[PDB]
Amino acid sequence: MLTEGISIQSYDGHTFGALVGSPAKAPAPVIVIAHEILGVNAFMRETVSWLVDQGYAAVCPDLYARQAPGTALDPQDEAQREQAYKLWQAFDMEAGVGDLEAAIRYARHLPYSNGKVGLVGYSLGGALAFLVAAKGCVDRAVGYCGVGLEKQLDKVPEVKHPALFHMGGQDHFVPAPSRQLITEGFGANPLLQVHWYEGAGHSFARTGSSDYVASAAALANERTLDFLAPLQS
């Protein structure tokens, strides 16, 4: 689902839509939400609603629009999960970073913006959140359950603003050596935080997922909100 009429244009003239939640009161910091591999779906609607309830505005851009505008896949359905994996496999990560940077510039200038912008990413978006943190166009970045962080360690010293990451201890995408590499590498830069959630799998914060773990999701989400709160006026 996207908000009708919202259009953000990127570095290369590509345009894309977004689901937008205006804040309960103006002004407010704006959070750009980077979605999972399933597009702007029910979990994104939930996440927009949650952040608005917590005193933010929210913008969730259609990152798959370079491939298939308006993707919104239900992870309960095998056919739709297969489409998600096919889209992820083809996903251009550098163009994703560019599109998020465009969405962050757009968010900064919204009429109710207090001039501060955060980024919260999940899954595909959790990996993009690190890349965006390395580029420095956001005030604070959060990534849940990103894949492949252990291959981006050269970017650790490039991070110049705070970024927070939440990672499952039983995430098959992040086996023990990868966890050690991330823990040691990210540890070198005190602007980064990475928290591991023992007993929690890859999609531990996605409501409805068989991976969901209420206690771990609760702690990760509490940490996210405390980390974003300094952006509020």
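Numbering starts at 1 and follows the sequence shown.
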| property | result |
| --- | --- |
| Mean C-alpha temperature factor, higher of 134-142 and 97-105 | 134-142 |
| Mean Cα B-factor comparison, 219-227 or 8-16, giving the higher one as deposited | 8-16 |
| Per the PDB entry, maximal CA B factor within 42, 30, 181, 34 | 181 |
| Where the record places residue 121 (Cα B-factor, split into thirds across the chain) | lowest |
| Relative C-alpha B-factor of residue 65, binned into the chain's lowest, middle or highest third | middle |
| Where the record places residue 79 (Cα B-factor, split into thirds across the chain) | highest |
| Chain third (lowest, middle, highest) by recorded CA B-factor, residue given as residue 166 | lowest |
| Where the record places residue 203 (Cα B-factor, split into thirds across the chain) | middle |
